[PDB]
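Here we start with a single chain on its own, the form deposited in one PDB entry, put down as structure tokens.
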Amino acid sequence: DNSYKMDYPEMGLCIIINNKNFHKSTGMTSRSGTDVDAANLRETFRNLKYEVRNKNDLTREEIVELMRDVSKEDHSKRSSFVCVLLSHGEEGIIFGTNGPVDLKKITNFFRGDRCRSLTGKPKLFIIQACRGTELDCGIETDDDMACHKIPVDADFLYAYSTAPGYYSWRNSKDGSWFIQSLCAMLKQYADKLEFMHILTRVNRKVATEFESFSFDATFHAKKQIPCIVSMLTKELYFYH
């Protein structure tokens, strides 16, 4: 029908890569507050019946190896796959503790031709990381081959914390604006709303309720809009 089959015996894995401390050589600062996000996500996805695996402070090599190994598991009995990345980033890039890795390298292991037991199933990548350094100042308000094949990039969804090219906000006490919002809206709406509609509420929450406050005028009164990228081919409900 019009929605993904989510009544396989297992909902699937939820891999959370939580990079907090970075090698001195990289110059990257410790991501205070990321443990709050990681715990929030773990509970949130546990409640949606995902098999959560938390991984901390992985090098880029370990990230790639982890994703390769996970993609070689047999996911036949699982409805979907979720991977959450919490780290520093730039456009198209997430950081290991020792340096950058392209997101495409991580996601390619899950292409429809490379992970066959996830073919036709939604593969969700949730990314809390910057996509560049820009700050949003805001504004005051007939040959029939039907289904012989599917594209290898079909059935991926990326839930980015921020717009292309932009900074992504996090605070030590409450975690990141995006993950805070995402978890809240999943807690409230996962048993009732289709996923793109949940993510749209997340966009509104981040866009409307958060604004930076800083003694540094260059860092003050800033705003953020998350960015949903869907190559999904069906509606996704976490319930059946």
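A residue's number is simply how far along the shown sequence it sits, counting from 1.
**Q** Unmodelled stretch from the deposited sequence between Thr141 and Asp142, which bin: none, 1 to 3, 4 to 9, 10 or more?
**A** Per the deposited record, the segment joining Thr141 and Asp142 lacks coordinates for 4 to 9 residues.
**Q** Looking at the entry, does 145-153 or 107-115 show the higher mean C-alpha B-factor?
**A** Stretch with the higher mean C-alpha B-factor: 145-153.
**Q** So which stretch wins on mean C-alpha B-factor, 226-234 or 19-27?
**A** Stretch with the greater average CA B-factor: 19-27.
**Q** Highest CA temperature factor in the entry: which of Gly120, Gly92, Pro100, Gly165?
**A** Of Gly120, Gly92, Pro100, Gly165, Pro100 has the highest C-alpha B-factor.
**Q** Among the candidates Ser87, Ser80, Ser76, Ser161, give the one with the maximum CA B-factor reported in the record.
**A** Within the set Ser87, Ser80, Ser76, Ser161, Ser76 shows the top C-alpha B-factor.
**Q** Would the CA B-factor of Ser176 place it in the lowest, middle or highest third of its chain?
**A** It belongs to the middle third of the chain when residues are ordered by C-alpha B-factor.
**Q** Within this chain's modelled residues, let me know which third the CA B factor of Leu186 belongs to: lowest, middle or highest.
**A** Bottom third by C-alpha B-factor.
**Q** Going by the CA temperature factor in the PDB record, which third of the chain does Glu194 belong to: lowest, middle or highest?
**A** For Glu194, the deposited C-alpha B-factor lands in the middle third.
**Q** Comparing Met11 with the other modelled residues of its chain, is its CA B-factor in the lowest, middle or highest third?
**A** For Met11, whose C-alpha B-factor we compare with every modelled residue in the chain, the answer is the middle third.
**Q** If you rank every modelled residue in this chain by C-alpha B factor, which third holds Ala38: lowest, middle or highest?
**A** Bottom third by C-alpha B-factor.
This next part talks about the form solved in complex with a partner chain, which is not shown.
**Q** Using the partner position in the deposited bound form, report whether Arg68 sits within 4.5 Å of the partner chain, counting heavy atoms only.
**A** Residue-level check for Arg68: no, no contact with the partner chain.
**Q** Can any non-hydrogen atom of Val64 be found within 4.5 angstroms of the partner chain in the deposited bound form?
**A** The answer is no: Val64 has no heavy atom within 4.5 Å of the partner chain.
**Q** Give a yes or no for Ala39: in the deposited bound form, does one of its heavy atoms lie within 4.5 Å of a heavy atom belonging to the partner chain?
**A** Result yes; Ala39 sits at the interface with the partner chain in the deposited bound form.
**Q** With a 4.5 Å heavy atom cut-off, would you call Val52 a contact of the partner chain in the deposited bound form?
**A** Contact with the partner chain, yes.
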